[PDB]
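Mind the numbering: the sequence shown is residues 35 to 47, 53 to 1072 in the authors' numbering, read in order.
No residue lacks a Cβ here, since even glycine has one placed at the ideal position from N, Cα and C.
Inspection log for the structure reproduced underneath, given as structure tokens.
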Amino acid sequence: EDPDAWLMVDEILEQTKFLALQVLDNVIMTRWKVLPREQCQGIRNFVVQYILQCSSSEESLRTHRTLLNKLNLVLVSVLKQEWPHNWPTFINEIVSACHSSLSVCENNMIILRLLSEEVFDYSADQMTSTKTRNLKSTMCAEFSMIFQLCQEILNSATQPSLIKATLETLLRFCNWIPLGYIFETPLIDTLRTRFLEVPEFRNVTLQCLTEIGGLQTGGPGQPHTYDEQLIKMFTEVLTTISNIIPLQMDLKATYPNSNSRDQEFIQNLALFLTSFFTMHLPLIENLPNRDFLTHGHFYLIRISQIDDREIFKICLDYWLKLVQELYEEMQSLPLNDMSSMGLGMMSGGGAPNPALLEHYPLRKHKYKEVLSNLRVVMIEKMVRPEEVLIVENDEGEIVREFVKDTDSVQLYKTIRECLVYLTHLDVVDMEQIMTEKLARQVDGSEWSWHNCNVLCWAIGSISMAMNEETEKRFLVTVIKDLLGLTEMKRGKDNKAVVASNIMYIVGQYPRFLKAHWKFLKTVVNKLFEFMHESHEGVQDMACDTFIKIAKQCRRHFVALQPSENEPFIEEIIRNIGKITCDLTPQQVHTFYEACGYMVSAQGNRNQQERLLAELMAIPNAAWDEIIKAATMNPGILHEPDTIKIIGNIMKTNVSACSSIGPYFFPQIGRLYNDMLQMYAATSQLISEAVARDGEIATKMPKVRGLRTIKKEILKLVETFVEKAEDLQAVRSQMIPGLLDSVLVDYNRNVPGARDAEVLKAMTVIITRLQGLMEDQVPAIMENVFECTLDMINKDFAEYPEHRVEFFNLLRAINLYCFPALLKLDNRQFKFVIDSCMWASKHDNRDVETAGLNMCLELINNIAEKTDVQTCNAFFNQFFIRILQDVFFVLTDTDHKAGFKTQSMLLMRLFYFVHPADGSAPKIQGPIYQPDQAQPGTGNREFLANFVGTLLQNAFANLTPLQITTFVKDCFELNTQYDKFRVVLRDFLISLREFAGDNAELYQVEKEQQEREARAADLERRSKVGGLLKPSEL
């Protein structure tokens, strides 16, 4: 036990002694109770002495720096255990030690910085609600001594290392030091005058000042009001900064040509300004000079210009907070009340004419000039929107990208928000800036892909912020200019960029087009032009922009425009093939979806039928051709070409049906019969393929194709069933034939052949139809239930899709077709329960959630919707089975996520035995489990006893009385969910393994706060136009 270490440090010879030190530290961490008091005191004594020996000479210090480092680490390690108990003296000892030699003082500072790092790291995540303040107040007296130390040290020092370490320590202790002690003392003057100017001390000095500025003064008068001191600090520091940084100096170009220290300094400056402004802004506003506010914000802009993601993130956050605070002032105006006259700003959207408010005494005007710059920079720092699918790769060529980092996306949202607020503050100057940049992009030869892109992205992203009129004018100019750019600039790249931008913009402005149809027509034809170009990305974006525009402005296409002789949709239908010539099938599907929206817009039923007919003319004709061909021989069906084609037709129909909805029935009835026959055919082809080539045949491409076909058909059927309005007809006409086609086949098919999409379909049709599938339910269970289960038993993990969809199917059945469920054979029920229980016994959170949900719905339905004898027998077996399993799962370290439902489930279980209401108490289920277990009659008593027996297994450290109280708590709190689950939660927390398990148990409490948060965010955002995307409405 380290006697050999003492001898080691001296007698040896150096890696080995360090290793021994690490063993020592690891042991002290490992053990603390075992040591005898004399030996603990002794080890502290000797470690202190050995520290002292190297100290007295700076040469020895620099020579032994690593050894000193490990020594200090061991010291802080022991310190965490020993110091909180009883060691005030150490601090004073350190005070006397710094007043001994320079070196000793340095080491002391390093030590303080280390201990502070170890404790403060633990306490800075705390948010400093109540705890950090109390700790501060308790150790205030010692901290004062520490201040006298740091201050006088700062005054006496001449050695760089001393000053540096001192400042580091001061930084670490800033929050903890009494604020009054800080402010009354001329510490600030000392920091500014000597060290801030010195390059070496400058960064750390600035970080300290930043921390002081950030310091919350939650009492304006509680101790004293420190606004006056802070103002002096900010002013003088700002002046010094002005001296350090040239006005003419351009940060953007300079910054890349800089080392780590300088960049870190700029970061420190941004953090400083942002922190101070965030916490104490009105102070500078009220100042008469006004120069410092504007100068600081100008610095903020210059720094914001710099191309660095971190710095820019900081600046951006502050800018957002500022512009929100400024805007909400306008929002809180009495002028809102005069919205009726047309005056002021509506609660909705629409930026007000800036001129109307210039006569007001408002904060915004103070920043007027600054704002005019900010917008520009915000335009310059705009990023690629969600909708845009193409980007120039580093190498050169334009390419298509599916998704981007979340970090980029949230950045986009924040920047958009800022741009919107800026636009609201002054729509005119905004319009002027964007118009200028636009004119330069078109003719001014300020042209670059980057500039054009960011400008256009900014333009599109301000939709609904501007009132319809200014928006109208501006958009007219923009559209003309971009069309000009579209035809003038050539080459795949240039045209791709221009087209992309114009498509995004027109995508973002539906309302303008609604009142100005000619532009709508023009941009549509231009979309087709873009569609025919070589690059796939422009095709995709053309189709997507088209579907957006169709979605928002569907009604106009059906209507007759005064300009045109016929409805535009009619024009589209005839030329549809020519348009879709170059398209990939997905693009085609999207197209047909948009057209589907347009068809959905039609109020006239017969015309709707006609339009739908002519719309599906091509897929229907192709379908008929294929039907004839397959009718002659179904061998053609098992050909890659045919499979892919049929799949395409099906997907097209899916898109169309998805957009049109309830009025798709004329189309489907036509196709419906032949689909069933195709389904039966393909299935039969599979049965032959397997018989010839064994069960392995399913792996081969042909069978995979057949299954693909069947799946597509089913997906179409599902879609239409979702959209249906006439449930009775669907039940009568579609369902029996559908089940006739799918079920017996599904049963007879081999496991390889069986497809989960059938189960998905059953789930969907039962979900929509509800109590009309009840008659058909026995047929489904007969053909599905027994065979599917055996696919789970033999193979534990296999057929996961089948697993999830089987369970979800059962959930749908019980949830929607309960009265039908009571007819099941008793044997099947146990399997149902087993599946339900396993569903919880899995690592996947979602399927588990669904499982516990299903069990809950089950027992609830048994209680509330069933006769008492049926229910009480049901519980006679399943109450015990379920309760047991639920407890097993809850008690496990894994499956913590399920707690949210688990909590409720138990609550219900107890609810059925002893409720908290009733003049004469109402028992949901009277009789209990079979006699062989216990002949002892009584529910509550047996429940308590049994729960105790199970609980003793979990943890034996519990008193029988603890169990007793817990059970009673469970019984009385069955009425209130929150209280019950909380008590259970804390009770679980008490356990050691659960203490180390952390807290997943707070799931519900997390959910509620996010619900309210999002509701608030959406509420304030709705109050401001532009913040809501049209599609999000």
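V597 is not bridged by DSSP to any residue.
Boundaries of the beta strand (DSSP E) harbouring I437: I437 to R439, taken from the DSSP string. A straight line joining the alpha-carbon of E303 with that of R241 spans about 11 Å. Of all alpha-carbon atoms in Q916, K935, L1000 and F918, the one lying nearest the alpha-carbon of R884 is that of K935. Judged by DSSP in its simplified three-state form, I501 adopts coil rather than helix or strand. Residue pairing by DSSP places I429 opposite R439 in a beta bridge. In the three-state reduction of the DSSP assignment, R850 falls in the helix class. By the C-beta criterion, the segment 815-823 is judged to be in contact with the segment 771-783, since at least 3 inter-stretch pairs fall below 8 Å. For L929, the CB contacts under 6 Å within the same chain, skipping 5 residues up- and downstream, are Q941 in chain order. The alpha carbon of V415 has as its nearest neighbour, out of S386, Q716, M385 and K476, the alpha carbon of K476.
If you draw a 10 Å sphere on the C-beta of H489, you find fewer than 16 other C-beta atoms in it, and that means exposed. The shortest CA-to-CA distance from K560 to any of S539, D583, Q578 and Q600 is the one to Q600. Only residues of its own chain outside the window of five on either side were considered, and among them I133, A136 and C137 have a CB closer than 6 Å to the CB of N147, listed in chain order.
When DSSP states are grouped into helix, strand and coil, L1066 belongs to the coil group. A direct Cα-to-Cα measurement between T988 and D906 gives close to 32 Å. Classified as buried, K534 has 16 or more neighbouring CB atoms from the shown chains inside 10 Å of its CB. Cβ contact annotation for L778 (same chain, cutoff 8 Å, sequence separation greater than five): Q815, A818 and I819, in chain order.
For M384, the closest C-alpha among the options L339, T333, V466 and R455 is that of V466.
Excluding five sequence positions before and after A1034, the CB atoms of its chain that fall closer than 8 Å to its own CB belong to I1028, given in chain order. The Cβ-Cβ distance between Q973 and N915 does not fall below 8 Å.
Look at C79 here: in three-state DSSP terms it is helix.
In the DSSP assignment, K741 falls within the unbroken alpha helix (DSSP H) covering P740 to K762. DSSP places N892 in the helix class (H, G or I) of the three-state scheme. Here the alpha carbon of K754 sits roughly 16 Å from the alpha carbon of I684. Contiguous alpha helix (DSSP H) elements confined to the segment 83-155 occur at 97-102, 104-125 and 128-137, taking only those with 4 or more residues. The Cβ neighbour count for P321, taken over all protein chains shown within 10 Å, is under 16; the residue is labelled exposed.
In the three-state reduction of the DSSP assignment, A390 falls in the coil class. Nearest to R593 by C-alpha distance, out of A478, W556, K1068 and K519, is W556. Fully contained in the segment 581-639 are the following alpha helix (DSSP H) runs of length 4 or more, in chain order: 593-597, 607-613, 615-618 and 624-639. For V237, there is no enclosing alpha helix (DSSP H), since its DSSP letter is neither H nor E. For a cut-off of 8 Å, the C-beta gap from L254 to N214 is around 7 Å, short enough to register as a contact.
Following the DSSP letters along the chain, one finds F704 inside the alpha helix (DSSP H) bounded by residues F704 to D732. Boundaries of the alpha helix (DSSP H) harbouring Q1001: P999 to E1011, taken from the DSSP string. Short of 7 Å from the beta carbon of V115, and not among the five residues preceding or following it, lie these beta carbons of its own chain, in chain order: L153, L154 and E157. In the same chain as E485, and ignoring 5 residues on each side of it, the C-beta atoms closer than 7 Å to its own belong to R479, in chain order. In this structure, the straight-line span from the alpha carbon of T806 to that of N506 is close to 44 Å.
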